[PDB]
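Structure first, commentary second.
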Amino acid sequence: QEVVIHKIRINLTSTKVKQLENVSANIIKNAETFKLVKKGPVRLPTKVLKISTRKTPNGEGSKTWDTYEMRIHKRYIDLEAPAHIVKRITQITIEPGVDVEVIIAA
Amino acid sequence: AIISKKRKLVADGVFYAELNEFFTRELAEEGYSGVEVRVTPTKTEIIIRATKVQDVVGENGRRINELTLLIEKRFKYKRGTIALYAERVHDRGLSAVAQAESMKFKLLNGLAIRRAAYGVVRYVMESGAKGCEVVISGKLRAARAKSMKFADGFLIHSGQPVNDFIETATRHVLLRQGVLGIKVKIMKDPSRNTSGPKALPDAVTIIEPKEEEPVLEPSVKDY
Amino acid sequence: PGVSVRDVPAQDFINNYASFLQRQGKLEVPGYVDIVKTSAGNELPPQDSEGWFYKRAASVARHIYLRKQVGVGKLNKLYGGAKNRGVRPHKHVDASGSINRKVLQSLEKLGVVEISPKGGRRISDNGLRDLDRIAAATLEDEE
Amino acid sequence: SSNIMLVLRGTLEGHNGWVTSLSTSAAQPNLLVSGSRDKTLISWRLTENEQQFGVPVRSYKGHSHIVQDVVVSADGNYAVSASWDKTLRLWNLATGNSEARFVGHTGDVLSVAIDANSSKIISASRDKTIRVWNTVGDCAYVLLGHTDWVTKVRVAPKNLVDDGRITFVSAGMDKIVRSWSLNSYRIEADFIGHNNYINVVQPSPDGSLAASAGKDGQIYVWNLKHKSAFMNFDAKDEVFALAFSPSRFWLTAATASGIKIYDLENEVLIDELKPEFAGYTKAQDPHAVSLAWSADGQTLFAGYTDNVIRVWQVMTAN
Amino acid sequence: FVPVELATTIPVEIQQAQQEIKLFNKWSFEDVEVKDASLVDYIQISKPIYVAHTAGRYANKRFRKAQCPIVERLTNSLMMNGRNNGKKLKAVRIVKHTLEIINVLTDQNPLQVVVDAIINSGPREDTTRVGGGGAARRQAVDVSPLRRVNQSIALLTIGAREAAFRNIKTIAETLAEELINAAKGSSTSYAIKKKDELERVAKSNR
Amino acid sequence: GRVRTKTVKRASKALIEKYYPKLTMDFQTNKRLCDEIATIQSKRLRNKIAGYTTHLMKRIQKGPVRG
Amino acid sequence: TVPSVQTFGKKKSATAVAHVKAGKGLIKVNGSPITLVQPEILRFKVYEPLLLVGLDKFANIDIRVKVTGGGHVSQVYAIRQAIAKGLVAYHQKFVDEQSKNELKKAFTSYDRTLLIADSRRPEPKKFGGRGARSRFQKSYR
RNA sequence: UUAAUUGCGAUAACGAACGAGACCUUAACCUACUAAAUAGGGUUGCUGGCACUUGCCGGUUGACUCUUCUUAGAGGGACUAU
Ligand SMILES: [Mg+2]
Ligand SMILES: [Mg+2]
Ligand SMILES: [Mg+2]
């Protein structure tokens, strides 16, 4: 009786890329089974977080420097859908490490 | 709640680190090793691994509940939003941190150091790791600081077969005569490792060839 | 065929614009002309004293024509550059804040520049026509 | 021995590396495509004048890896090319545009072949699998026959009008070449024979005498329609390709030493084609990957590793 | 002959100097042959270039540097000193100006003149410092073509730079003058003088 | 300095010992064969091994080699 | 509907999308035509590929380039590369292949990169050095 | 010989391990795949400026499709190949 299209964004952020990819794949599969119009697992500039530091605790040696970097993976999954279907999808669709986040509304 | 995504992730990491440190400190008697945080909507699961799980548990909701409360107090979240589970680790021998803790305990109570190290090594071998190494730095009779390296099997020092292969554990052990430092590097066996590659990246192994008989007349075999 | 506007080799176009402005006499001079450094990284104003501000205006107009929603800050950035800092190495500091604004205002008054939504400036239709005419004149001069 | 002898009347080259296969349509002799390890396909239109027998008429930035097996439709409008990049591409020859990518394979696609009706495409990959594609781009049948590596797949045309079955032959690496039909939908026979490991199976222009080639030094020919073992013809060297004549009963064999010419019914060892190269010691001598005729039966094309195609025009001595 | 036109208009002169001849900056790259035996190939010409600027990688193996255009080489050498580090554009402009000056000077192919200059200033046999105990005794030695060429290229540029300090005579003019001196061997330029000195030194050890 | 290491060479030798047939001279096929039969935790390493095998094959056309 | 290709041009960080359609003979870069460009000296460089095959191969094919990245020199080079690619692409697609081959031959015998893309990119400027390799100043005094 | 105890050979040594390598992240190639009113590009609405004829150059999130460039994902790719 309802079926009112909201257009819903799903955020997928994490570090361990493989897991993230798996999650994305799972989501797409689920979308396919509930059969909806959807934009894909859109990928953003994978932000590196750089912290560069003297390796020396105390500044007495050669000037060794280490760049400690954090790879981040930001993914948008756009759905042409109502909210109920999204809710149904997000009952499961959670795997450890990866951040599942629902933006909701266009 | 809600910051920049990167920032949020960083904060989460920091929180995890803090939690780990607390567990190392608080659950020292409890024989703690690792924390496994799972953050879902509403209920955040926190898995904790230890040798002495019973101690962690208490007498049904003793220490664990207290820890939960502490966590809540630390990070503003309410009752129910944080859940804590204590689990048995699947063979402690491969786990470096646990071994280190055990060694520390052995040291603190009153035992032969070298012998203890050897025992630990033996235990590790029994468990089924490819190799292991114990280093004991500090005063081991006389004032001058002495290193004491004790090892079994291979120990890969270089390459990305380290971040994937060797569990490393560093601890300080406090003594009345001076502070000891125990480092322990453990060579987990490639096959049982599961995560990452299932064998050492340099190694190449070829299977046995299969025999085929030629000629024997061309012939025709029909259906 | 088609009379083009972007196809002019830069400087000539600007010169033509300046000439046109001189001919008209309609611009309304800022007043702080010549009593100004124009750039924060300047020890000398324009060298030819009178004029050159006209050239600047023309250049600004051309830039506006080229692009979409263009503002004061961007203009400042454009007409900045390298600072002689003495013992210290160069930085990048922008042009004089008010002068560019004044120029823009003057352009608006004449009817070259129009106010755009979202935040910036665009070209008026009469202004566009004028620009086209100037371009045509330049082409004629070349041909 | 005869009076009609093989003389080179042109050398064609445009590919910047190995030419793995070449083919001609039954309808058009003028268009002969050439597939290279250089990711590319070049179609030759034949003009006969002086040296340039065939000049580049349609080149393609086709696959990413190697155009390894090429088969063009009997009509000459769909050109189906295979690759190591697990895919296969259908080509509109006059325009120069791709139609359908046949994506399904888990490994490198080592053979493509087109049906008599130009509809039921058949592909085999280094996998153990032999897929059956439609010109639209649909998986119809996954054939599991060979226990090891499949390399070649060829289709035999039928005359004696229409009995039902559509005849395929598939080369293997288990020392057993397999015979397929499409309608009893699957297996026909197992043609055991080879001593070494099979490379090229080439059926007769009628569609019965299928010669299987190897690495040993003997070509083993089979009679398919009556399901029987024909003859074993001598070769000495490792065989890379076979070419059956539309003109008479000639077999042209690409060997490790050069080119060796034989006949089907009469057991003869006629002529050896070995061209001249620039440099080289002895073992370095480049030998042709694949060789094909046309439809006239006057010309032979041979894709050498050294980039070369060499037009042997069979002409009378006096 | 034959000016074929397009929608985007190109000036007539440019059109005239285009397809018929494989030219240079504006004039003939063609003709211009090496008068001296040896140094051919190692003084470039051969391959036609239209500008004295390439991204073309040459410092890759060894003998590849002796396939880089002469004008280009000159420009590169000009980039010496910190105030002029990088700035290939400037160097190319300078070279263009020099070429123009040469053209002005009693006609002739400027490229040819440049080639001659390169040939003339290159030293034949030079002394290298030999140990032999401790003292700095020098024993004279034959110089390979490439090295000679390089030295010649360097020397002219050095001379030009020396001239250019505190002078209305802009570097290009100085360079042109140097080239002229080299070509019309009068031993008045820096490069030639240096070469002569080197030869003298070699003699005093031969 | 492209001297192939001990390990690669050893692997190539082993391959030649166990599978002297199915090593068709040219690189590409051989590479694939190596990937199939020998289990390499890498790709570059596999390629290197393939190359060495091809070299060995080339050698073994022009006589017998030690080991 | 028009026979057209979209080609890229790549050097350092400069990227140049040249669009090759069919028409009168328009060759434009960022709206402005092929003539201007304006490092001024490097003008003739962009003229080079055009010169090589001639003005004849342009009265049919129209080229429109959009260039980002790089500086000035790099941008010019990118443009050049793009233009070289575009014509070749067009020939490959619609025109006869012999012509394309001839073009390639012309380019390869005069290979100032062009159909082969530029190779180098900067080494990362590691620690203890003001440059990539170039260190500070050791002072045992 | 190698950047290398890197290898070939000679050889009371033979086969091994760590270290070097391999590995790992990145930087390079993909007009083949995966998709993008958060990256882009096209055709036509509305019109803005022209030459004044069809054609140019635009702007405008209008609509539509593509994915070369941008992005990553999955692979492939160089093995000193010929
Ligand atoms: Mg190692
Ligand atoms: Mg290493
Ligand atoms: Mg200064």
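Ordering of the structure tokens sets the chain letters (A, B, ...), residue numbers begin anew at 1 in every chain, and ligands are numbered from 1 in the order given.
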For this session: Compile the residues of chain A that lie within 9 Å of chain H, evaluated using only C-alpha atoms (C1' of nucleotides), and express the compilation as a list in words.
Result: residues 21, 39, 40, 41, 42, 43, 44, 45, 46 and 76 of chain A
For this session: Using only C-alpha atoms (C1' of nucleotides), find the residues of chain C whose closest atom to chain H is at most 9 Å away, then write them as a PyMOL selection string.
Result: chain C and resi 1-6+68+125+128-129+132
Convert the current residue selection to file output with N, CA and C atoms, as a PDB file, in the first residue's frame.
```pdb
ATOM      1  N   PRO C   1      29.983  31.590 -41.258  1.00  0.00           N
ATOM      2  CA  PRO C   1      31.200  31.517 -40.451  1.00  0.00           C
ATOM      3  C   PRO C   1      30.913  31.757 -38.958  1.00  0.00           C
ATOM      4  N   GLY C   2      31.767  32.529 -38.281  1.00  0.00           N
ATOM      5  CA  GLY C   2      31.589  32.849 -36.863  1.00  0.00           C
ATOM      6  C   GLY C   2      32.712  33.686 -36.282  1.00  0.00           C
ATOM      7  N   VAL C   3      32.347  34.851 -35.741  1.00  0.00           N
ATOM      8  CA  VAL C   3      33.291  35.756 -35.074  1.00  0.00           C
ATOM      9  C   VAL C   3      33.536  35.261 -33.645  1.00  0.00           C
ATOM     10  N   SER C   4      34.793  34.922 -33.367  1.00  0.00           N
ATOM     11  CA  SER C   4      35.206  34.339 -32.089  1.00  0.00           C
ATOM     12  C   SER C   4      35.689  35.387 -31.083  1.00  0.00           C
ATOM     13  N   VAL C   5      35.652  35.018 -29.799  1.00  0.00           N
ATOM     14  CA  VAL C   5      35.995  35.920 -28.685  1.00  0.00           C
ATOM     15  C   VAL C   5      37.196  35.401 -27.874  1.00  0.00           C
ATOM     16  N   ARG C   6      37.220  34.092 -27.618  1.00  0.00           N
ATOM     17  CA  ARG C   6      38.312  33.442 -26.879  1.00  0.00           C
ATOM     18  C   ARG C   6      39.594  33.314 -27.706  1.00  0.00           C
ATOM     19  N   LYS C  68      32.764  31.061 -14.807  1.00  0.00           N
ATOM     20  CA  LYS C  68      31.401  30.983 -14.292  1.00  0.00           C
ATOM     21  C   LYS C  68      31.174  32.027 -13.186  1.00  0.00           C
ATOM     22  N   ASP C 125      24.454  41.055 -20.712  1.00  0.00           N
ATOM     23  CA  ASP C 125      24.211  40.728 -22.123  1.00  0.00           C
ATOM     24  C   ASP C 125      24.696  41.836 -23.046  1.00  0.00           C
ATOM     25  N   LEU C 128      28.352  41.531 -22.902  1.00  0.00           N
ATOM     26  CA  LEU C 128      28.742  40.424 -23.775  1.00  0.00           C
ATOM     27  C   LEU C 128      28.848  40.902 -25.215  1.00  0.00           C
ATOM     28  N   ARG C 129      27.831  41.654 -25.637  1.00  0.00           N
ATOM     29  CA  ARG C 129      27.761  42.212 -26.986  1.00  0.00           C
ATOM     30  C   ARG C 129      28.977  43.101 -27.249  1.00  0.00           C
ATOM     31  N   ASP C 132      32.083  41.093 -27.682  1.00  0.00           N
ATOM     32  CA  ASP C 132      32.047  40.485 -29.010  1.00  0.00           C
ATOM     33  C   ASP C 132      32.524  41.490 -30.054  1.00  0.00           C
TER      34      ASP C 132
END
```
For this session: Could you list, as a ChimeraX atom specification, the residues of chain G having an atom within 6 Å of chain H when counting only C-alpha atoms (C1' of nucleotides)?
Result: /G:6-8
Problem set entry | Cut-off 10 Å, only C-alpha atoms (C1' of nucleotides) and all ligand atoms, neighbours of ligand 1 as JSON, numbers by chain | {"B": [155, 156, 157, 158, 159, 160, 161, 200, 201, 202, 203], "H": [17, 18, 19, 20, 21, 22, 23]}
For this session: Give the residues of chain D that lie within 12 Å of chain B; count only C-alpha atoms, and format the answer as a ChimeraX atom specification.
Result: /D:148,173-180,184,186-197,212,216,218-224,226-232
For this session: Please report, as a VMD selection string, each residue of region 2-106 of chain A to which DSSP assigns alpha helix (DSSP H) when run on this structure's backbone.
Result: chain A and resid 17 to 33 83 to 89
Problem set entry | Of the listed residues F:40, F:50, F:16, F:23, that which approaches chain B most closely, counting only C-alpha atoms |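 Using only C-alpha atoms, chain B sits closest to F:40.
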Exercise. Neighbours of residue 73 (chain G) within 12 Å (only C-alpha atoms (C1' of nucleotides); same-chain residues fewer than 6 positions away dropped), as a ChimeraX atom specification?
Worked result: /E:53-55,86-89 /G:11-14,37-43,45-46,79-80
Problem set entry | Neighbourhood of ligand 3 at 12 Å, counting only C-alpha atoms (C1' of nucleotides) and all ligand atoms, reported as number ranges by chain | C: 82-90; E: 83
May I have the selected residues written with N, CA, C and O atoms, as a PDB file, in the first residue's frame?
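This went into part.pdb:
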```
ATOM      1  N   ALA C  82      54.482  36.891  -5.834  1.00  0.00           N
ATOM      2  CA  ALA C  82      55.679  36.705  -5.006  1.00  0.00           C
ATOM      3  C   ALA C  82      56.092  37.981  -4.272  1.00  0.00           C
ATOM      4  O   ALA C  82      56.125  39.065  -4.869  1.00  0.00           O
ATOM      5  N   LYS C  83      56.401  37.837  -2.980  1.00  0.00           N
ATOM      6  CA  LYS C  83      56.802  38.964  -2.121  1.00  0.00           C
ATOM      7  C   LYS C  83      58.307  38.983  -1.926  1.00  0.00           C
ATOM      8  O   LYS C  83      58.905  37.965  -1.560  1.00  0.00           O
ATOM      9  N   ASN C  84      58.915  40.140  -2.176  1.00  0.00           N
ATOM     10  CA  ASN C  84      60.303  40.359  -1.795  1.00  0.00           C
ATOM     11  C   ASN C  84      60.370  40.584  -0.292  1.00  0.00           C
ATOM     12  O   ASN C  84      60.053  41.669   0.213  1.00  0.00           O
ATOM     13  N   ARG C  85      60.760  39.520   0.406  1.00  0.00           N
ATOM     14  CA  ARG C  85      60.701  39.441   1.864  1.00  0.00           C
ATOM     15  C   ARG C  85      62.082  39.648   2.504  1.00  0.00           C
ATOM     16  O   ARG C  85      62.250  39.503   3.723  1.00  0.00           O
ATOM     17  N   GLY C  86      63.055  40.003   1.666  1.00  0.00           N
ATOM     18  CA  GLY C  86      64.416  40.284   2.104  1.00  0.00           C
ATOM     19  C   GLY C  86      65.178  39.010   2.394  1.00  0.00           C
ATOM     20  O   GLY C  86      65.452  38.227   1.482  1.00  0.00           O
ATOM     21  N   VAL C  87      65.509  38.811   3.668  1.00  0.00           N
ATOM     22  CA  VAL C  87      66.254  37.634   4.121  1.00  0.00           C
ATOM     23  C   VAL C  87      65.396  36.378   4.117  1.00  0.00           C
ATOM     24  O   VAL C  87      65.914  35.272   3.961  1.00  0.00           O
ATOM     25  N   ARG C  88      64.091  36.566   4.293  1.00  0.00           N
ATOM     26  CA  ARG C  88      63.111  35.480   4.303  1.00  0.00           C
ATOM     27  C   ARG C  88      62.708  35.135   2.858  1.00  0.00           C
ATOM     28  O   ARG C  88      62.658  36.039   2.016  1.00  0.00           O
ATOM     29  N   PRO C  89      62.436  33.838   2.555  1.00  0.00           N
ATOM     30  CA  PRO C  89      61.970  33.450   1.210  1.00  0.00           C
ATOM     31  C   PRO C  89      60.560  33.945   0.903  1.00  0.00           C
ATOM     32  O   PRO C  89      59.818  34.316   1.826  1.00  0.00           O
ATOM     33  N   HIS C  90      60.207  33.945  -0.385  1.00  0.00           N
ATOM     34  CA  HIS C  90      58.907  34.436  -0.864  1.00  0.00           C
ATOM     35  C   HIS C  90      57.752  33.626  -0.308  1.00  0.00           C
ATOM     36  O   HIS C  90      57.899  32.441   0.013  1.00  0.00           O
TER      37      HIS C  90
ATOM     38  N   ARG E  83      71.144  30.391 -10.750  1.00  0.00           N
ATOM     39  CA  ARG E  83      70.165  31.372 -11.221  1.00  0.00           C
ATOM     40  C   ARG E  83      69.459  30.912 -12.501  1.00  0.00           C
ATOM     41  O   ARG E  83      68.364  31.380 -12.813  1.00  0.00           O
TER      42      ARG E  83
END
```
For this session: Using only C-alpha atoms, select each residue of chain C with any atom at most 8 Å away from an atom of chain G, and give the selection as an NGL selection string.
Result: :C and (6-9)
Dump C-alpha atoms for the selected residues as a PDB file, in the first residue's frame?
```pdb
ATOM      1  CA  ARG C   6      38.312  33.442 -26.879  1.00  0.00           C
ATOM      2  CA  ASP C   7      40.537  33.061 -29.981  1.00  0.00           C
ATOM      3  CA  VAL C   8      42.264  36.438 -29.414  1.00  0.00           C
ATOM      4  CA  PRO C   9      45.943  36.223 -28.261  1.00  0.00           C
TER       5      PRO C   9
END
```
